[PDB]
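This text opens with one protein chain seen in two forms, each one given by itself as structure tokens under the names structure 1 and structure 2.
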Structure 1
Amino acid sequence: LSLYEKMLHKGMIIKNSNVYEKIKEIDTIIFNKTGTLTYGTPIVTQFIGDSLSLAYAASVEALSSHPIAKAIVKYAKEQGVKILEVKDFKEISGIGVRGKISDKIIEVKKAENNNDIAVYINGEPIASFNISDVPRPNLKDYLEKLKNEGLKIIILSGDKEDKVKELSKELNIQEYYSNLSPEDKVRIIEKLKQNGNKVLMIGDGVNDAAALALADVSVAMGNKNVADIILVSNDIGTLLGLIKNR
């Protein structure tokens, strides 16, 4: 069994080659929050309103396939209400969903104040949803690496200050940057390599694609062609093993 076979057995595909000697140098670790430190999967964390309002909103969201709509529908079914028939349905990307039941106009869209999701009935907002991501069952062995070489650990996210801080508390590392953009991330990575730091970065979806390509060693989850490594196993722990045995 080659080095490619032994690494694959341990959940890791090595597309690169010299990546092994590169890792020895690494002094800083950066996570892109969504999809790496979480499953990247919205659920409803709270609903404010009554059951009739909840059934209307689910009925209209049942005709969409956007992951926000699927989460609302699934929450409503857990609460025991059922799906009702909708006329004149229209979906409007970037905004949300609209439709007609028992002679009332129902819209579901971003709230006028927050990132909350709001339910409008004949033009008045009568209910709302708080929607969050799902955290991977933690490895406090982050601390086992905070110990090891006392490496520097950083977290980048695009989500709002409320949401990215709470996670930064859930596990204990005191250095995160929230409210970011794909090109803001690239800027911070530059600004550190431009300080001679050797960076390993872990990423997943759309945003991180670009800063991964910018990393000394880059790692992409199992769910592009830029990553030195692929965690087909989606087991962050397995990687933490690789790091603390480098």
Structure 2
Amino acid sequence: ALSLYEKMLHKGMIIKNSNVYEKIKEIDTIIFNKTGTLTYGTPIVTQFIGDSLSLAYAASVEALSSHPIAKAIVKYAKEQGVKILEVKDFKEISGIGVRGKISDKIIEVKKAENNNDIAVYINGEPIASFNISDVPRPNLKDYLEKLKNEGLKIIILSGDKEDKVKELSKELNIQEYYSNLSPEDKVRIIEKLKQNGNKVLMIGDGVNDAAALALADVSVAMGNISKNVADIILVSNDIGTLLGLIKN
């Protein structure tokens, strides 16, 4: 025989406190933080509008960053045959975009307004754009089974726009989702849910959900260290494990 700790570990789960076992039997609500749980959390370019010079200019600035956006753009550009050019006065204004200088021209890359995600400026003039997406995880949910495993209420939280969340949502038979949320919004939703009856299990990663996870009745964090908050760490990185955990 092994400890119950040893048995959970063998299954793909690290139990950060032995008190979680009794706590889960009471759970009535499952909340997914979209990015990194229902998706791989890996951005990919789905469309570029502009010509090959603009593409080279934007790529050559993004190369000096480590942002996941930067890496995707640079990856796409080399696949199109772009050669990376020498940049100066680089600057990555955290939380907005990036910038640099080439052949006397000033190049900025940042968030775009209407129907695109990212925009490229040359000396103040907008001349090209990108659309960027995540990838949904292979399997899917016998989410019915989740809605069978008990009478479980299921909810999706996302920072993305209404039609990207709604698409994924309808894709998977989940009618309750909230789009466009700030980190502080998610905290407000969890507080209201607890304040009127519900016992909440929440799955997230390590980003704009640290505070939300700390507030839930039972927290689950992805393996992708000192995972601080969570009751349970899914080293498996496979959502099927806990899916199995739910039923007990």
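Residue indices: 1-based, along structure 1. Take the two forms, superpose them, and find the largest set of C-alpha atoms that agree within 1.5 Å; that set is the rigid core.
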Look at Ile153 and decide if its Cα position differs by 2 Å or more between the two structures after superposing on the rigid core. no
Answer yes if the Cα of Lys198 shifts by 2 angstroms or more between the two structures on a rigid-core superposition, and no otherwise. no
Report the rigid-body rotation angle of the smaller part versus the larger between the two structures, as an integer number of degrees. 16
Between-form comparison on the rigid core puts the Cα shift of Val44 between the two structures, in Å, at 1.3
How many angstrom apart are the two C-alpha positions of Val119 between the two structures, if you fit on the rigid core? 3.8
Per-residue Cα shift, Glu107, between the two structures [Å; core superposed]: 4.7
